[PDB]
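Below is one structure, written out as structure tokens; the observations come after it.
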Amino acid sequence: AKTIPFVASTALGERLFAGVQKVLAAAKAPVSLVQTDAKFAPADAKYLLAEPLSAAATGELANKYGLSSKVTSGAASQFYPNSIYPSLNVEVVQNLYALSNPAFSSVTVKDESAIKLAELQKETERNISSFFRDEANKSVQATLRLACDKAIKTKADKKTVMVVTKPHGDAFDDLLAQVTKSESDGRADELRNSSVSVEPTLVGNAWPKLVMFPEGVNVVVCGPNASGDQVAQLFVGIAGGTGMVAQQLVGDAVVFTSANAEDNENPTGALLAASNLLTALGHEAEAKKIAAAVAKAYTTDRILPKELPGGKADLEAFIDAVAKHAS
Amino acid sequence: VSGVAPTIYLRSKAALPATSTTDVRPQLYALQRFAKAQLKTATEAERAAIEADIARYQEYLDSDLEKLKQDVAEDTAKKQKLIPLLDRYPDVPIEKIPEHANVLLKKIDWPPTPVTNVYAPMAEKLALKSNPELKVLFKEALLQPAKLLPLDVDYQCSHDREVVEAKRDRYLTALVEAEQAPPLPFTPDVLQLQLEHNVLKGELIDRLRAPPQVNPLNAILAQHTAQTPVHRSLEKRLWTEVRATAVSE
Amino acid sequence: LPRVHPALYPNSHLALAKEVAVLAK
Amino acid sequence: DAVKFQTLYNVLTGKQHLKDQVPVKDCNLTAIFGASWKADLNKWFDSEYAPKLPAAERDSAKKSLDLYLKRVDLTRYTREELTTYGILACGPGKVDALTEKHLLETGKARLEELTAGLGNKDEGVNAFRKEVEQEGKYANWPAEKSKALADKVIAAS
Amino acid sequence: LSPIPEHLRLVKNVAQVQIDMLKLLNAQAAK
Amino acid sequence: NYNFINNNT
Amino acid sequence: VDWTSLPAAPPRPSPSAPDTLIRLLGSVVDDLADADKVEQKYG
Numbered sequence: 001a002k003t004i005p006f007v008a009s010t011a012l013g014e015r016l017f018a019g020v021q022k023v024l025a026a027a028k029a030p031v032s033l034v035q036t037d038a039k040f041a042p043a044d045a046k047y048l049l050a051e052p053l054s055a056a057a058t059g060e061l062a063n064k065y066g067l068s069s070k071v072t073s074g075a076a077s078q079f080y081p082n083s084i085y086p087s088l089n090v091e092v093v094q095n096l097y098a099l100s101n102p103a104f105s106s107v108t109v110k111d112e113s114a115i116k117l118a119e120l121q122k123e124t125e126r127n128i129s130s131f132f133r134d135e136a137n138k139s140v141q142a143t144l145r146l147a148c149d150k151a152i153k154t155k156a157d158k159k160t161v162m163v164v165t166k167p168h169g170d171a172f173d174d175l176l177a178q179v180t181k182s183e184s185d186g187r188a189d190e191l192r193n194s195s196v197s198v199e200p201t202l203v204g205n206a207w208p209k210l211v212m213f214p215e216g217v218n219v220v221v222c223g224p225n226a227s228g229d230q231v232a233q234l235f236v237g238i239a240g241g242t243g244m245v246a247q248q249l250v251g252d253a254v255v256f257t258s259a260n261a262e263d264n265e266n267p268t269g270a271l272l273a274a275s276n277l278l279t280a281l282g283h284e285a286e287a288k289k290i291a292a293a294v295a296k297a298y299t300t301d302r303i304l305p306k307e308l309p310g311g312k313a314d315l316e317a318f319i320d321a322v323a324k325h326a327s
Numbered sequence: 001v002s003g004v005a006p007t008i009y010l011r012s013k014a015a016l017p018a019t020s021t022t023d024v025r026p027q028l029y030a031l032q033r034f035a036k037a038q039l040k041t042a043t044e045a046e047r048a049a050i051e052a053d054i055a056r057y058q059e060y061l062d063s064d065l066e067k068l069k070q071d072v073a074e075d076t077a078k079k080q081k082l083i084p085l086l087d088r089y090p091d092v093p094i095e096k097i098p099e100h101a102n103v104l105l106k107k108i109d110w111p112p113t114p115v116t117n118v119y120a121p122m123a124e125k126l127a128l129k130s131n132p133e134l135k136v137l138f139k140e141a142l143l144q145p146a147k148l149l150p151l152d153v154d155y156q157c158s159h160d161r162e163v164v165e166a167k168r169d170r171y172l173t174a175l176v177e178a179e180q181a182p183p184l185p186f187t188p189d190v191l192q193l194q195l196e197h198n199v200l201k202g203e204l205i206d207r208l209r210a211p212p213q214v215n216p217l218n219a220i221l222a223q224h225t226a227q228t229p230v231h232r233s234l235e236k237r238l239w240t241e242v243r244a245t246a247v248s249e
Numbered sequence: 001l002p003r004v005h006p007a008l009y010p011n012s013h014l015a016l017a018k019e020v021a022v023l024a025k
Numbered sequence: 001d002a003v004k005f006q007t008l009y010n011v012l013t014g015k016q017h018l019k020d021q022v023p024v025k026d027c028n029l030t031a032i033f034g035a036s037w038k039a040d041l042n043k044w045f046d047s048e049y050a051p052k053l054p055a056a057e058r059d060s061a062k063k064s065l066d067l068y069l070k071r072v073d074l075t076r077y078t079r080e081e082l083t084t085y086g087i088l089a090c091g092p093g094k095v096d097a098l099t100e101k102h103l104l105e106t107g108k109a110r111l112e113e114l115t116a117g118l119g120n121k122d123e124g125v126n127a128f129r130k131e132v133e134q135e136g137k138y139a140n141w142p143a144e145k146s147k148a149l150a151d152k153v154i155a156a157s
Numbered sequence: 001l002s003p004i005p006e007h008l009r010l011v012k013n014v015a016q017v018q019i020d021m022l023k024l025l026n027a028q029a030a031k
Numbered sequence: 001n002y003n004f005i006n007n008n009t
Numbered sequence: 001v002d003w004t005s006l007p008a009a010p011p012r013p014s015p016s017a018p019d020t021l022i023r024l025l026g027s028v029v030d031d032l033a034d035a036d037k038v039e040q041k042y043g
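Okay, structure coming up:
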């Protein structure tokens, strides 16, 4: 039985540990979850599961495991009741260098001493700032390369569209524009083959597209500005609200997550996270079992949680229903 | 501004997120990764010193910064113990000096040396920011800011109300940042200034009792920066920022 | 040339810590 | 007439981008149109576009049109109000209840701010009524509805 | 000719600079 | 020499 | 008729900022007006 860690600094994370452990034991998989904390997680552990991270906790975890990007997955819109977005096969990607480093924004006379001192100081600052800029550009390159690989791996319908939010102005947006230019003008080959339509657009002209017709889009990319946080929250909600979407964090290692506010308790995002994790490790049959159990809970019994419209029920009873449907 | 708007632009200063946090762990991790990068260009001696430094930062992370807070508290304790000893002539305060100077000029009664007065201009800004009228407008603008901006013209001019809401939202942030901004643009290191004031006071009295204009101090810092690698210089920015929080909490 | 105190030197407290403990008592 | 409604159907279904770097929105569309948006759209649909084409495509298009209408009713809101102040975090079906909650809560907060800055609950309530009436007038909102909301917030305070 | 008055005026200027620094820090601390 | 040192200049 | 286009809104007269807001924000109103033009163009 493998020991996949499980970060949790809250009673929400604790009760979800208990529930998910019950589910996974009923599903009969050869792994076990280990209660830990975001600041004491064990390095050299590539595939992990987690709970709603705060911004600071995402920053810490990313700095630890070398993470670069956070992906979403709104598969639960099919299960949402009176679903306005059935089969929302798109993906949002948000960079993370702000949380991994929030402080990135930041000759009286010709005497030999003072000019020497200023030269040394500016050389030091040059080295530092050059390193930080190279790191930011590398993280952005990782995000864009991930989005391109994702759009390519998806079943290309001859469009394979990538929207890229780009409010002109700040340094993150400038870097992002530069990197889009670089990749598009550089590769062009898989691009023109799979017909991947890259598109830098503005927020006011992008988020209505995402809302009305996400059929015309497959991937979305955003930097770590307020705009990007807003678009990520938009998708996180539109997929069925905080709790229904399955988030993911990638880079040099994978950790799955479920978004949830203070008052929310829906664990379906975390169950889909567990399923994605098990598919990554190899237990695809168990992942399909879990997904079928979720679908049975939402369709046969239709036992919806309290926050959600329509029916209403508690977290633990919902997980009991999920486990009984699985086994 | 077509369409029956569902909501109204009501805002609360409590709802406006005003945290102004100062995180330490990500700054530390960035320092760690920077040292890891410099390791590749480092030679063997500096490679060893840098490995010790890296292990030190990992110890800090595993101990949850308490070791670093202890270390910076030790250094600041040394400093705060140092200054009152350099308080040479405390019974002779500083404003009483120009009186002595007037006395000596009266008693005694050439290329002069200039001075770079930086802290007097900032004193002029206090003559403005400390006014009561300037604070009254702050007290009365945030409570009713719609009076200032031409909202009626803006609503008629723009078909979409989202743009109008964004303009109003930015003005508050510009005002909130203005009132809470200090007279200074930077965070003054109080100890390193009281040090100079206590040493400089220790020099004028020795001069009152009784060529070039170069500052040999600059021919030392130019050597100190050369000796040290970069990660220690960045580490100073970390230790300084921790003195702000530890003194706050 | 002018004079400078060992406290106005950089990183002074490190080497002056002994005199401090001897003096502040 | 039929031209404008065909253009509208095309824009909703996404077969056409609007004639600039412009987004689709309830505001940025109904401003062009005569503010009889949904009623006349559905009417023209059920008259001239449903009987033409077969029944399978008819059902699919009816579904899609209802979805896109709900989506533009969702587009009515602002980005910041949607995300930051938590209107959508529960979901589209709960957007309405969350709007009501957000309105009453921010009303209470604004009331407390006015009373703390001024005191004199009569004066504060008067200034609050003026502010709400002006904001409704600005947002093209029924003044009677705004007055009812103001009295409601005061009674609930 | 003598450097005494110029030295004394240097002292006056530097002392006023230091007093202005002190007043700035005092007003900042008060705020 | 008679000049005075000022670290912040 | 071109419904797909957007109609010319009423003309915006000159800003004519107020002395109170200027005294509160000396060197920021220019930046804010430039950003307002940017937002009227894009956003």
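Protein chains in written order, with this note's numbering: chain U, 1 to 327; chain S, 1 to 249; chain F, 1 to 25; chain E, 1 to 157; chain Y, 1 to 31; chain W, 1 to 9; chain A, 1 to 43. Yeah, the Cβ is synthetic: ideal placement off N, Cα and C, and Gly gets one too.
- Taking a cut-off of 8 Å for Cβ pairs, the stretch 46-66 of chain E and the stretch 261-279 of chain U do not touch, as fewer than three such pairs fall below it.
- What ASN26/Y touches in chain S, judged by beta-carbon distance under 8 Å, is nothing: the nearest beta carbon there is about 10 Å away.
- For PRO208/U, a Cβ of chain E is located within less than 8 Å of the residue's own Cβ.
- Contacts with chain S at 8 Å (Cβ-Cβ) do not include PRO6/F.
- Near chain A, meaning a CB-to-CB distance below 7 Å, the residues of the stretch 10-24 of chain E are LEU18, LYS19, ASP20 and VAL22.
- Closest in C-alpha terms to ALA292/U, from the list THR3/U, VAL322/U and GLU265/U, comes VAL322/U.
- The residues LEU315 and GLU316, in chain order, have a CB closer than 8 Å to that of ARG15/U in the same chain once the five nearest residues on each side in sequence are set aside.
- With the rule of 3 Cβ pairs closer than 8 Å, the stretch 219-232 of chain U counts as touching the stretch 86-103 of chain U.
- Membership of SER275/U in the alpha helix (DSSP H) is indicated by the continuous run 268-281.
- With contacts defined by Cβ atoms closer than 8 Å, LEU1/Y and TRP110/S form a contacting pair.
- Between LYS13/S and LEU142/S, the C-beta spacing is below 8 Å.
- Membership of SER64/E in any beta strand (DSSP E) is not indicated; the residue belongs instead to the alpha helix (DSSP H) covering 55-75.
- Taking a cut-off of 8 Å on C-beta distances, the stretch 36-45 of chain U does not touch the stretch 80-92 of chain U, as fewer than three cross pairs fall below it.
- Of the residues assessed, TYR171/S falls on the buried side of the cut-off, its CB having 16 or more other CB atoms within 10 angstroms.
- Taking the Cβ atoms as the reference, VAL4/S lies roughly 6 Å from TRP141/E, within the contact range of under 8 Å.
- For the stretch 91-105 of chain U, the set of residues with a beta-carbon nearer than 7 Å to any beta-carbon of chain S comprises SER100, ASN101, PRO102 and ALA103, in chain order.
- Cβ atoms of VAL71/U and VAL250/U come within 8 Å of each other, at about 6 Å.
- Judged by DSSP secondary structure, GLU199/U falls within the beta strand (DSSP E) whose first and last residues are 197-201.
- Proximity of the stretch 181-195 of chain U to the stretch 225-234 of chain U falls short of the contact definition, fewer than three beta-carbon pairs being nearer than 8 Å.
- Those residues of the stretch 120-137 of chain S placed with their C-beta closer than 8 Å to a C-beta in chain E do not exist.
- Taking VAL211/U as reference, the option from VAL198/U, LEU202/U, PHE235/U and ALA188/U with the minimal CA-CA separation is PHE235/U.
- Residue contact with chain S for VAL20/F: present (Cβ-Cβ distance below 8 Å to some residue of chain S).
- Against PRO26/S, the close residues of chain U are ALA56, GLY59, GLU60, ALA62, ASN63, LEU99, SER100, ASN101, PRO102 and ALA103, in the order they occur along the chain (beta-carbon pairs closer than 9 Å).
- Taking 3 residues as the shortest admissible run, the stretch 1-53 of chain U contains the following complete beta strand (DSSP E) segments, listed from N- to C-terminal end: 2-7, 31-36 and 47-49.
- For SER69/U, the pairing in a beta bridge is given by DSSP as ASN95/U and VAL250/U.
- Contact fails between the stretch 169-185 of chain S and the stretch 29-47 of chain E, because fewer than three Cβ pairs, one in each stretch, are under 8 Å apart.
- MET122/S sits in a helix when the DSSP states are folded into three classes.
- At a C-beta separation below 8 Å, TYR77/E has these neighbours in chain S: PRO6 and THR7.
- Comparing alpha carbon positions, the residue from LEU82/E, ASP73/E, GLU112/E and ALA61/E closest to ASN10/E is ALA61/E.
- Distance from the CA atom of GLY13/U to the CA atom of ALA246/U, rounded to whole angstroms, is 15 Å.
- Listed along chain Y are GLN18, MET21 and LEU22, each with a C-beta nearer than 9 Å to that of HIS197/S.
- For the stretch 155-224 of chain S, the continuous alpha helix (DSSP H) assignments of 4+ residues that do not extend past its boundaries occur at 161-180 and 190-208, in sequence order.
- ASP154/S is positioned such that its CB atom lies closer than 8 Å to that of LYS167/S.
- Residues of chain U with a Cβ closer than 8 Å to the Cβ of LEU151/S do not exist, since the nearest Cβ in that chain sits about 20 Å away.
- For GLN156/S, at least one C-beta of chain A is nearer than 8 Å to its own C-beta.
- DSSP places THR165/U inside the beta strand (DSSP E), whose first and last residues are 161-165.
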